[PDB]
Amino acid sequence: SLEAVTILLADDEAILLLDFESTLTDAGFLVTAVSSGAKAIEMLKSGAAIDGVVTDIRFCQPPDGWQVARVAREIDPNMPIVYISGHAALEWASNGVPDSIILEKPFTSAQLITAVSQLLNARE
């Protein structure tokens, strides 16, 4: 929308999706929350106004978060991309898109918000 910044948030588990979602809405973002990579890509391809993408690396089934980010960057080459991972962050070195941030658990609400805001601000 014209009034708000929309973040596509893609996370599997109920506890975390709502945790990340409320963190982002408290900071002033609109959140489109989805529970798979496939659903995230569908949304990206739908023509919906998406200003940044916060995505898990692994979902229950492919496509993974690496692929979500590639689709986002095809639509918008400057798209803010934050990956959220449990364990292996070293895969980012070979799979992450340029100028993305990966956050590996544990991380704080402040870290998530700073990452998202910094990347949106860097758009120029």
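Start at 1 with the first residue shown and count on from there.
Taking the PDB entry as given, 19-27 carries the higher mean Cα B factor of the two stretches 19-27 and 107-115.
Checked against the record, the higher mean CA B factor of 29-37 and 84-92 lies with 84-92. Residue 61: CA B factor in the highest third of modelled residues in this chain (values from the PDB entry). Among the modelled residues of its chain, residue 5 has a C-alpha B-factor that falls in the middle third according to the deposited record.
Sort the chain's modelled residues by C-alpha temperature factor and residue 69 lands in the lowest third, per the entry. Ranked by C-alpha B-factor against the other modelled residues of its chain, residue 53 falls in the lowest third.
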